[PDB]
Amino acid sequence: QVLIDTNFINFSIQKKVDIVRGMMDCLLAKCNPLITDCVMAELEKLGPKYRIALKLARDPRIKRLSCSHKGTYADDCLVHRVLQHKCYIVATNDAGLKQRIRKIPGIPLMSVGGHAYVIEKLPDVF
Amino acid sequence: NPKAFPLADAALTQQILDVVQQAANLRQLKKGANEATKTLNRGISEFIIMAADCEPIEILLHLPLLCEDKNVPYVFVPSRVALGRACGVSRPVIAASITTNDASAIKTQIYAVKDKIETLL
Amino acid sequence: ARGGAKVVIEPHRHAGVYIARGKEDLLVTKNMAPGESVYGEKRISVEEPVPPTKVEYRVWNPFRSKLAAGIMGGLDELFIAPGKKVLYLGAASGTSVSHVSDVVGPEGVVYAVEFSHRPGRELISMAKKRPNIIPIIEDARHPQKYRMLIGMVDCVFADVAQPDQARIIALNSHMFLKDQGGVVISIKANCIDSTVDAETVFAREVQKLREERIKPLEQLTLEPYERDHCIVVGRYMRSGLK
Amino acid sequence: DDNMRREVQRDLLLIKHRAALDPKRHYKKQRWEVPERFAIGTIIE
Amino acid sequence: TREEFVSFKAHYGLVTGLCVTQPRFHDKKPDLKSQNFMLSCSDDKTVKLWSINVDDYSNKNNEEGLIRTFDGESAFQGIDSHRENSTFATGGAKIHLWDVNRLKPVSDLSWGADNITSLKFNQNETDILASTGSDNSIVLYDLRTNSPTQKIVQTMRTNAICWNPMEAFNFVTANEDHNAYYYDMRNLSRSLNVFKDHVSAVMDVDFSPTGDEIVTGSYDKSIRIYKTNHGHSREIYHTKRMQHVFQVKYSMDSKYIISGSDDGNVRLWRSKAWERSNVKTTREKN
Amino acid sequence: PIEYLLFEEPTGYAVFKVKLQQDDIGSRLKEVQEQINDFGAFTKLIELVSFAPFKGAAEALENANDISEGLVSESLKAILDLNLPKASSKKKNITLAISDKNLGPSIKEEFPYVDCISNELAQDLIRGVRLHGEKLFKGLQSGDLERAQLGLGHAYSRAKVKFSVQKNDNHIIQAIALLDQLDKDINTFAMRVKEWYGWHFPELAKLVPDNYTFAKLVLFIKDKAXXXXXXXXXXXXXXXXXXXXXXXXXXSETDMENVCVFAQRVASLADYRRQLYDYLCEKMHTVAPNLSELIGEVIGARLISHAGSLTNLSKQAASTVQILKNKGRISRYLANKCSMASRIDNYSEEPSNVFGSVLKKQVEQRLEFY
Amino acid sequence: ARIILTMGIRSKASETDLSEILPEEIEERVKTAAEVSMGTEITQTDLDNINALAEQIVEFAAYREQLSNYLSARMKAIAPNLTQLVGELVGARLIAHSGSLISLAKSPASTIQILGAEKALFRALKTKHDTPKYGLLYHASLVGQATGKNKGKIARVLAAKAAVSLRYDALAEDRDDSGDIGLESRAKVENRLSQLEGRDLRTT
RNA sequence: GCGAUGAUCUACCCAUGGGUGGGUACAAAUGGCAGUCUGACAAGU
RNA sequence: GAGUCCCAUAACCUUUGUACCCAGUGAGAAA
RNA sequence: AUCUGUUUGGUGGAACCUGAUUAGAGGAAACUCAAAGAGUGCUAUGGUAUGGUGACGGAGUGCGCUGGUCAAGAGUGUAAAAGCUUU
Ligand SMILES: [Zn+2]
């Protein structure tokens, strides 16, 4: 169950990969990607010249799960959903968020590079 | 309304008693109602096989009172005799138990039966 | 850990709970009905000044009760209290509900709820020595059936192992639970979902609670006592969930 | 109260320093100041 | 609850308008209380009835969706139903009135052979219909003469209109020049007001059931509220997360403004920014 | 349009009037949801119209067991004849707000013009009625809810569990705790009796060892002495009347009448013991007869006391349950069957005597094997 | 127990009067608890041996009132000059601690104070501490009539005058047997008591 | 003509009889620990 | 001047009188 | 013991240091006096207040509302009839 940033969607479009079909290439197993409620509030707030990302974000295979916050800021919505459970697998491409999660033990971070996606802290890469 | 509820299906009688037979050979099966009572007190039982045709039905009926206290699943199988040959015991065992043991070659197979027991509940 | 040794009792940080600081420590709550242990656990007696009256203290076995480890693992705010009403779900016997009665004291009440008749029969006979326990033998999935019998409880407790555990609390938190009074779920990983993992169910049942306007305060895992559980202390906001 | 102190004071002083009573136990690190209210009692079985 | 009753993959093209009316069949009666009924208007020459299972009344305890489909010749532009006796017209290249019981339309109406883009019946004097035009026009219809009744030609085209429920002979319109207009049905020589507040084309107006206020949404990413009197917006609504509001409808208890957007969300607001959902005591109320 | 509502209680029913409906688009808000904890705001919604209390506690149980079915009782049918104005069946119904979806059809079955609403709108009002509680009723409720929940809570439970009081086993517990204190005291006061009666006749207690009959002859012969009728009630009679002539101890009068009432207290109390013994011998024959066939009524009743119930013999392992070459063999071989008899006593509804005799003869032949 | 012979079942409860047993507020109160109560019904076989504990409880208390009547005869037999002073129960126990009456009168006055409290006494002498001051004499009717430290000062004057009264009872071969010395002893303590209550430590 | 509805198993000397070793519980002891405080002022004007 | 009940309305130890003894394990015993 | 002298508890508390505080710190009383929080309890009830300014109310009367039942008519429906909708 993989959380998704704004930034992971934006660089997914520039690198021509599907989310669900393209994540399974990097990950090699089945995955259920799920955008939180804070993250969708960012994608709308990005505005008109990001609206093609906002179409691709609302896809019925992309799940959505709500949150109980007083804010839009999803960079800190996300780490708080990670410390309290540690079942998720964060998909980011934010520079500051990677440093915020590489200090957290045992959370597979996932970024996009070149052609396909890459994972970092999975021990079961292959 | 019946007292031997839940009683298992014919197809589930096979899948239970076959798991009983391998647990007999792996020594995770403890044989007898007086012995299966103890594993509920020790907390190490996986699930409970009970015989419906034993007379009376009430000599072993204390176990669902003891199991549902501790969230241990349980079934009824129709024959004490057919539970006997699954048990590897010359005499019909009217109540059996599967102990929790983590070095279990049948661990992936027990949890297939255990999940088909909680379906009945 | 014998019948001879004399033990210091000391009040816990939680009210109504008492620590038995001996050579080893014990968790203890004051027996409302003296002279009887309801499942054979070893009980402490003192005397308090007429000759001094006998006050009997009963040990609170961690491995028997899923609530019991969370105290002994350490919860910040346990919403059960010596004055408050408390709703209980899935009290098969007095394994734990006799304890929850003794910690709410003679003032507050506890509503024992369980569906099955033969464990419910035992719950009757215990409920006639403890006046707090009024036991309800209706199914917990249908709260409109026992709507006449319970009014405005202050914290529910959830020991159901049915896999529809979030819906069985929402129908008991919306209709009976006093607002801003906490919810102590006890999640068991195997009984909800055996396919997916232990930790996914914990991240799934919290998010199901947040759909029902329960902001969960903290989460404990209670691992050394019981294998693979959680108790999740909620709060029923209903109004300003953010 | 300040009566019956000695069999109580020896007992509580044997609990504040209970780490030394047996070299195989090794309890958690805590301080155990003497609480304001307590009631020493025995274990019925 | 702010959740869905049921979601329907209705049409392969765009939907163009929804309207809702419980039918009155000649054979039976579909229940007002246990079900509600949606009617859609598609791009692909298609009008489809829809049932809805509704959880309102606990009096009872099939037919969850799609009672019958109404096929046409031209691409449909908009819909509205007529509250008396199971009646609705469609917007298309030809507006043509429909019976619910009949698959083919009853009467084809046109002032001229031009496309027609949106409709709405009036609330009282129910047989009077109003019909827009992409050829910057408005043609009112009267059903009891089975005939169009008059025409007015504005400078730019009209996206949507709305009859007031309370006065029932004045209709406000939404025009593609950044302005909205309010008329009398008797005298289309003089608009009763203009509303000069926007910066781009208004896409929809809705008359409050109070009959005082008119709420409008534009191709500008903003929503205005004005009274019938003042001629200007007393209040502007906007957030960053909405873009180009195409559709806006006032509540039926006249307090909370719904607002459709291009961004895909249905944002709902309040009418006055201060009126609360609280029921207030006699000291606070005074 | 939620005009009337109905909240049920152990103290009868209530029919309220909704003065103002809370606004229904905005019902998840902080505002309207925090109004319902506030009694100043909630009063503007609700006025009491009716309150018909239950005629008795036994009628309450019949009515409280009727809601959980989903049906309509007599009174719940009868209250709605007053309060609801009669409306049409097809157009413009009357709205009543019901806590239950399931109760909904059973009202309209009886009252065809009434539409029952259980929205989250309507159920919000009924939950508001619980919170403000007795303040809405304006004191018409005589007594309180807080006592009424408790008895109706137990009576609803005892109906569905369905145990009779004749099945109860605490009668076995208290009687064993009573017979042992009678046995503690009957010899104790009789030994006090002789230590009173040693000042007058030291010889009769040698003749009469039984504490039940030694306390009767003190009632019978207060002084010396032949021609005694109940002293024959015959070998000891002449052996006492001659020993009454050969008296060694001393002789006041009120002090012996103290001992007369004191020795009266013994013979009445052991009369209670023989009366209590037959009760326990009968309740064993009622509650656990299969256990009573193996060992008997007395030792069977001892085990239930040491188990603390009849249940804790059924829960325990047969090796764990304990009674007292025969020790290694029979005391285990009976305790297996002593366990098994105590199972079928607990879990039958009316346990049969017949299987205990069947279980008895199996134990006999192993005693024949010895 | 007297209620059970009167009350019986819960519907017998409301009808039957409890004027004789706990009246005028509790009779209303047991009537209130009679209609709603969590208890079961009880059969007429189970209302036989609660219906025969209600006898055997009452016959004990009816015997005990005969039994304390018996000591009040024996007080006025043996030492009536004592039991006009301190009452029947204390003089039953002061003789009971020492044994015979003769063994008690050979003890001085100050050891008739602390005749009961011997456990706290020899603790307080073997370790240097303060002796208990009442003893078994504290449950007399007259020490309780005093207040404060005056429970000590009457506990001297009683144990003096009870030692005066005992030696007239153990060691007079002629007894007037009317408590004639003892009522002269009690009037001296009442003069001592009402002197000592009139004096007060406060400032006027 | 067996058994999970439980098979099996958990100090001395004396030729199927007893004494000696200890332990548990009950009851008794006029057995023991175990010895019965201070001694002249105080209160009022 | 001076600590009762926390039980000398006892507790413990010793001596005699009475009664008695050296929970589990789980599949073999009989030939 | 005119043997030694460590440990533990109690007293005492200098020099240096580190922390905090300051018109030096602290105590006792209450049917006192005065500021200010926090929680609870209380029917805490005009969604537009009374049936009525002789310009009034009561009683009857007429219209109007409401309900179910009967009957005709309309619509659907069938070869017809049955059923069936009906502001
Ligand atoms: Zn968030």
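Basis of the calculations
Residues numbered from 1 in each chain as written, not as in the entry; some residues may be left out. Chains lettered and ligands numbered in written order. Part of a larger assembly, values for the part shown. Heavy atoms only, no water. Residues with missing side-chain atoms left out of burial classes, pairs and counts. UniProt positions renumbered as here; feature names shortened; annotations may be inferred. Donors = N, O, S within 2.8 Å, 3.2 Å for Na, K, Ca; no water. Tetrahedral: all angles 85-135°; square planar, octahedral: opposite > 155°, others 65-115°. Helix = DSSP H or I, 4+ residues; strand = E, 2+ residues; numbered from the N terminus. Salt bridge = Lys/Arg side-chain N within 4 Å of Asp/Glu carboxyl O. Buried < 20%, exposed > 50% of the residue type's maximum accessible area, 1.4 Å probe, protein only. Disulfide = S-S within 2.5 Å. Pairing = 2+ DSSP bridges. Axes fitted to C-alpha atoms, helices over the stretch in contact; angles between N-to-C directions. Contact = heavy atoms within 4.5 Å.

Going by the header, the method for this PDB entry is cryo-EM, and the resolution given is 3.8 Å.

Per the PDB entry, chain E is named Sof1, and its organism is Saccharomyces cerevisiae BY4741. The title given to this entry in the Protein Data Bank is "The complete structure of the small subunit processome". Taken directly from UniProt, the Subunit text for chain E runs: "Interacts with snoRNA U3. Interacts with NOP1 and MPP10. Component of the ribosomal small subunit (SSU) processome composed of at least 40 protein subunits and snoRNA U3." Regarding chain E, the relevant UniProt record gives this comment under Subcellular location: "Nucleus, Nucleolus".

Looking at the PDB entry, chain D carries the name Fcf2, with the source organism given as Saccharomyces cerevisiae BY4741.

Residues and elements named next belong to chain A. Note on the zinc ion: its protein donors are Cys-38 (SG), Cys-67 (SG), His-69 (ND1) and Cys-77 (SG). The metal-donor distances range over 2.1 Å. Each of the 4 donor atoms around the zinc ion contributes to a set of angles spanning 97 to 126°, which defines the coordination as tetrahedral. Read in sequence order, the donor residues coordinating the zinc ion give the pattern C-x28-C-x1-H-x7-C. With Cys-38 in helix α3 (residues 37-46) and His-69 in the loop between β2 (63-65) and α5 (75-83), this pair connects stretches of sequence that are 31 residues apart.

Side-chain pairs of opposite charge can arise where the charged atoms are in close proximity. Overall, the coordinates contain 55 salt bridges over all chains when judged by the stated rule. A salt bridge links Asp-204 of chain E to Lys-249 of chain E, with the shortest nitrogen-to-oxygen separation between them at 3.0 Å. Of the two residues, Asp-204 of chain E is situated in strand β17 (residues 202-207) and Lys-249 of chain E in strand β21 (residues 247-249); the sequence distance between them amounts to 45 residues. For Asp-204 of chain E, a relative accessible area of 1% gives the class buried. Using a relative accessible area of 31% as the deciding quantity, one classes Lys-249 of chain E as partly exposed. As a salt-bridge pair, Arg-74 of chain G and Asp-255 of chain F come within 3.9 Å of each other at their nearest N and O atoms. Placement of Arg-74 of chain G in helix α4 (residues 53-78) and of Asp-255 of chain F in helix α12 (residues 254-287) is noted, with the two residues assigned to different chains. The class for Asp-255 of chain F is buried, based on a relative accessible area of 18%. When salt bridges with common partners are traced through the structure, they connect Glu-10, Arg-21 and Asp-25 of chain C together with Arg-18 of chain D into a single cluster.

Turning to the environment of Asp-11 of chain D, a few remarks are in order. Within the fold, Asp-11 of chain D resides in helix α1 (residues 5-16). In this structure, the C-alpha to C-alpha distance between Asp-11 of chain D and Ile-44 of chain D, residues 33 residues apart in sequence, is 19 Å.

With that settled, the discussion passes to the state of the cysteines. For the structure shown, the criterion picks out 0 disulfides over all chains. The thiol of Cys-67 of chain B is unpaired, and the distance to the nearest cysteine sulfur, on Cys-191 of chain C, comes to 13 Å. You can see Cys-162 of chain E has no disulfide; the closest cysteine sulfur is in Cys-19 of chain E, sitting 12 Å from it.

Residues and elements named next belong to chain B. What the 4 strands build is an open sheet, ordered β1-β4-β2-β3; its pairing is mixed. Whereas interior strands pair on both sides, the edge strands pair on one side only; in this sheet they are β1 (29-31) and β3 (74-77). Strand-to-strand, the axes of this sheet are offset by a mean angle of 25°, without reference to chain direction. The pairing of strand β2 (residues 45-51) with β3 spans 4 bridges and is classified as parallel. Paired with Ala-51 across the strands is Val-77, a residue of β3. The sheet strands contacting helix α1 (residues 10-25) are β1, β2, β3 and β4 (95-99), and the helix crosses β1 at an angle near 95°.

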